[PDB]
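Q: The structure follows.
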Ligand SMILES: [Cu+2]
């Protein structure tokens, strides 16, 4: 929809899309995360995490170490533009962030930081 997108992650370790657009006229942008399938957060939880391409690797690796009770995300991470909670089949969440945070010349990627998931669960976000 407008200034918002709906994203799904499933039991197959797949987001429903690998590309998100943000109209530059938006002041705030909202990602609505959902989870088809039947599984639970502790073995197939997913989140939606947004950073620069260059920072993705560090966010994923620090998140893997941070544990489940921290959504597999290091607290107070300066590299994270936006994040949702970790959800499971039936659990759902949304995140809204400031479009001004998306700087020029920067390439952004969104991904899941549940351990090992980033290998398949990643994509790109850019301004339109
Ligand atoms: Cu995941």
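If you go along the chain as it appears here, the first residue is 1 and each next one adds 1.
In case you wondered, yes, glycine gets a Cβ from its N, Cα and C as well.
Per Swiss-Prot, the feature disulfide bond maps to 3-26. Annotated Cu cation binding site per Swiss-Prot: 46, 112, 117, 121, in sequence order.
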Q: Fewest other CB within 10 angstroms, which one of the binding-site residues 46, 117?
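A: Fewest other Cβ atoms within 10 Å, among the binding-site residues 46, 117, is found for 117.
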Q: To which of the recorded positions 3, 26, 121 does the lowest count of other Cβ atoms within 10 Å belong?
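A: Across 3, 26, 121, these recorded positions, the one with fewest Cβ atoms within 10 Å is 3.
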Q: Which residues, sitting 6 or more apart from residue 112 (Cu cation binding site) on the same chain, put a CB under 8 Å from its CB?
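A: Within the chain, residue 112 (Cu cation binding site) has Cβ neighbours under 8 Å at 9, 15, 46, 47, 48, 49, 118, 121, 122.
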Q: For a Cβ distance below 6 Å to any atom of ligand 1, name the recorded positions from 3, 26, 112, 117 that qualify, or say none.
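A: Checking each Cβ against ligand 1, the ones under 6 Å are 112, 117.
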Q: Check residue 117 (Cu cation binding site) against DSSP and tell me helix, strand or coil, would you?
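A: DSSP call for residue 117 (Cu cation binding site): helix.
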Q: Suppose the Cu cation site is 46, 112, 117, 121. Which further residues of the same chain have a Cβ inside 8 angstroms of that site's Cβ centroid?
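A: Result: 9, 13, 15, 47, 111, 113, 114, 118, 120.
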Q: If I take the alpha carbons of residue 3 (disulfide bond) and residue 117 (Cu cation binding site), what is the distance between them in whole Å?
A: 27
